[PDB]
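Trainee: Below is one structure. I have some questions about it.
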Amino acid sequence: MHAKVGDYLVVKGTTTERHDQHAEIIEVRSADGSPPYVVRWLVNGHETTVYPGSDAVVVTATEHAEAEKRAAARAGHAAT
């Protein structure tokens with residue numbers, strides 16, 4: 001996994017069915033791709049530092065709106 005700033009983080013379901021744990025990566029605490037990350041819930045509304053899980057993927061704006069609402073409730077429910 002390799003992270004990038006200005007992009008969105010996803011966890012779970014690399015097979016592409018259920019993509020959870022969503023947010024915007026504005027601060028990458030890795031030079032390549034290793035947790036933790038400083039993440040913003042944009043479509044939710046808060047900043048924090050979270051620990052994602054396995055099957056972490058990088059998405060863009062559209063994958064962020066709906067999916068980050070639900071999947072941030074998934075991600076930032078704990079490990080904060």
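Chain labels run A, B, ... following the order of the structure tokens; each chain numbers its residues from 1, and ligands are numbered from 1 in the order shown.
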Tell me, as a PyMOL selection string, which residues lie within 10 Å of stretch 4-20 of chain A, counting only C-alpha atoms; anything in the same chain fewer than 6 positions away does not count.
Mentor: chain A and resi 26-28+30-33+37+39-41+52-64+67-75
Trainee: Using only C-alpha atoms, can you tell me which of A:65, A:29, A:80, A:21 comes closest to residue A:48?
Mentor: A:80
Trainee: Could you tell me, as a ChimeraX atom specification, which residues of chain A DSSP assigns to strand (DSSP E or B) when given the backbone?
Mentor: /A:7-11,20-27,37-41,46-50,57-59
Trainee: Could you write out that same residue set with N, CA, C and O atoms as an mmCIF file, in the first residue's frame?
Mentor:
```cif
data_model
loop_
_atom_site.group_PDB
_atom_site.id
_atom_site.type_symbol
_atom_site.label_atom_id
_atom_site.label_comp_id
_atom_site.auth_asym_id
_atom_site.auth_seq_id
_atom_site.Cartn_x
_atom_site.Cartn_y
_atom_site.Cartn_z
ATOM 1 N N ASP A 7 -5.825 12.667 -1.222
ATOM 2 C CA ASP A 7 -6.581 11.494 -1.656
ATOM 3 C C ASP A 7 -7.279 10.885 -0.467
ATOM 4 O O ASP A 7 -7.032 11.280 0.670
ATOM 5 N N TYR A 8 -8.141 9.926 -0.719
ATOM 6 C CA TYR A 8 -8.938 9.354 0.342
ATOM 7 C C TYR A 8 -8.507 7.931 0.656
ATOM 8 O O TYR A 8 -8.087 7.180 -0.222
ATOM 9 N N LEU A 9 -8.618 7.580 1.921
ATOM 10 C CA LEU A 9 -8.214 6.281 2.407
ATOM 11 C C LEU A 9 -9.429 5.379 2.539
ATOM 12 O O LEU A 9 -10.516 5.834 2.936
ATOM 13 N N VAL A 10 -9.226 4.120 2.160
ATOM 14 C CA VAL A 10 -10.230 3.070 2.258
ATOM 15 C C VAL A 10 -9.620 1.847 2.925
ATOM 16 O O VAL A 10 -8.416 1.634 2.837
ATOM 17 N N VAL A 11 -10.442 1.067 3.602
ATOM 18 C CA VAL A 11 -10.015 -0.200 4.169
ATOM 19 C C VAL A 11 -11.059 -1.267 3.851
ATOM 20 O O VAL A 11 -12.233 -0.938 3.665
ATOM 21 N N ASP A 20 -14.835 -0.053 3.146
ATOM 22 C CA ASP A 20 -15.119 0.678 4.371
ATOM 23 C C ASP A 20 -13.966 1.595 4.745
ATOM 24 O O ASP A 20 -13.100 1.874 3.920
ATOM 25 N N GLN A 21 -14.013 2.078 5.992
ATOM 26 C CA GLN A 21 -12.997 2.958 6.578
ATOM 27 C C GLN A 21 -12.496 4.009 5.587
ATOM 28 O O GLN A 21 -11.488 3.822 4.916
ATOM 29 N N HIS A 22 -13.225 5.113 5.514
ATOM 30 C CA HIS A 22 -12.965 6.164 4.534
ATOM 31 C C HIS A 22 -12.617 7.477 5.215
ATOM 32 O O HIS A 22 -13.140 7.767 6.290
ATOM 33 N N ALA A 23 -11.741 8.254 4.575
ATOM 34 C CA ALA A 23 -11.462 9.645 4.987
ATOM 35 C C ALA A 23 -10.492 10.305 4.035
ATOM 36 O O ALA A 23 -10.010 9.674 3.107
ATOM 37 N N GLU A 24 -10.194 11.570 4.275
ATOM 38 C CA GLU A 24 -9.220 12.279 3.452
ATOM 39 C C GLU A 24 -7.864 12.309 4.130
ATOM 40 O O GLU A 24 -7.738 12.703 5.292
ATOM 41 N N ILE A 25 -6.859 11.877 3.391
ATOM 42 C CA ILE A 25 -5.493 11.916 3.855
ATOM 43 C C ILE A 25 -4.878 13.260 3.489
ATOM 44 O O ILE A 25 -4.554 13.508 2.317
ATOM 45 N N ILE A 26 -4.771 14.135 4.484
ATOM 46 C CA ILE A 26 -4.163 15.449 4.296
ATOM 47 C C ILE A 26 -2.778 15.484 4.928
ATOM 48 O O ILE A 26 -1.951 16.337 4.600
ATOM 49 N N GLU A 27 -2.543 14.553 5.841
ATOM 50 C CA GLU A 27 -1.263 14.432 6.516
ATOM 51 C C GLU A 27 -0.829 12.976 6.538
ATOM 52 O O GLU A 27 -1.434 12.142 7.218
ATOM 53 N N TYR A 37 -2.130 7.397 10.141
ATOM 54 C CA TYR A 37 -2.306 8.540 9.255
ATOM 55 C C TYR A 37 -3.090 9.624 9.971
ATOM 56 O O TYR A 37 -3.874 9.331 10.877
ATOM 57 N N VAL A 38 -2.889 10.867 9.572
ATOM 58 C CA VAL A 38 -3.709 11.947 10.076
ATOM 59 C C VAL A 38 -4.775 12.233 9.044
ATOM 60 O O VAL A 38 -4.486 12.605 7.904
ATOM 61 N N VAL A 39 -6.003 12.028 9.449
ATOM 62 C CA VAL A 39 -7.097 11.926 8.524
ATOM 63 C C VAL A 39 -8.203 12.915 8.875
ATOM 64 O O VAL A 39 -8.407 13.254 10.044
ATOM 65 N N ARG A 40 -8.886 13.399 7.857
ATOM 66 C CA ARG A 40 -10.017 14.281 8.059
ATOM 67 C C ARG A 40 -11.296 13.628 7.575
ATOM 68 O O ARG A 40 -11.347 13.087 6.471
ATOM 69 N N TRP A 41 -12.317 13.676 8.404
ATOM 70 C CA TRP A 41 -13.650 13.309 7.981
ATOM 71 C C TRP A 41 -14.282 14.541 7.350
ATOM 72 O O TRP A 41 -14.713 15.441 8.065
ATOM 73 N N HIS A 46 -14.766 16.412 10.985
ATOM 74 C CA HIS A 46 -13.828 16.443 12.115
ATOM 75 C C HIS A 46 -12.441 15.982 11.681
ATOM 76 O O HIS A 46 -12.299 15.271 10.695
ATOM 77 N N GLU A 47 -11.424 16.394 12.425
ATOM 78 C CA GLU A 47 -10.043 15.987 12.150
ATOM 79 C C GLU A 47 -9.549 15.049 13.245
ATOM 80 O O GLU A 47 -9.993 15.151 14.391
ATOM 81 N N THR A 48 -8.637 14.141 12.902
ATOM 82 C CA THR A 48 -8.105 13.195 13.877
ATOM 83 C C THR A 48 -6.996 12.337 13.285
ATOM 84 O O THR A 48 -6.614 12.493 12.131
ATOM 85 N N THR A 49 -6.472 11.460 14.109
ATOM 86 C CA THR A 49 -5.445 10.514 13.703
ATOM 87 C C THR A 49 -5.961 9.092 13.918
ATOM 88 O O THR A 49 -6.374 8.742 15.021
ATOM 89 N N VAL A 50 -5.956 8.283 12.865
ATOM 90 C CA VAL A 50 -6.584 6.968 12.928
ATOM 91 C C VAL A 50 -5.645 5.851 12.489
ATOM 92 O O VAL A 50 -4.639 6.087 11.805
ATOM 93 N N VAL A 57 -7.006 0.908 0.535
ATOM 94 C CA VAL A 57 -6.965 1.377 -0.847
ATOM 95 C C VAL A 57 -7.036 2.908 -0.871
ATOM 96 O O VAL A 57 -7.397 3.524 0.129
ATOM 97 N N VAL A 58 -6.683 3.516 -1.998
ATOM 98 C CA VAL A 58 -6.715 4.971 -2.134
ATOM 99 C C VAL A 58 -7.751 5.394 -3.180
ATOM 100 O O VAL A 58 -7.659 5.006 -4.344
ATOM 101 N N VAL A 59 -8.740 6.176 -2.755
ATOM 102 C CA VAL A 59 -9.795 6.641 -3.620
ATOM 103 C C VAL A 59 -9.740 8.150 -3.824
ATOM 104 O O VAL A 59 -8.894 8.841 -3.254
#
```
Trainee: So that I can check the secondary structure, give me every residue of stretch 5-67 of chain A assigned helix (DSSP H, G or I) by backbone DSSP, as a count of residues only.
Mentor: 7
Trainee: Near residue A:34, counting only C-alpha atoms, which residues have an atom at most 8 Å away, once you skip same-chain residues fewer than 6 positions from it, shown as a ChimeraX atom specification?
Mentor: /A:1-3
Trainee: Could those residues be written to a file, using C-alpha atoms, as a CSV table (one decimal), in the first residue's frame?
Mentor:
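For reference, out31.csv as written:
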```
chain,number,residue,atom,x,y,z
A,1,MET,CA,0.0,0.0,0.0
A,2,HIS,CA,1.3,3.5,-0.9
A,3,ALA,CA,-0.4,6.6,0.4
```
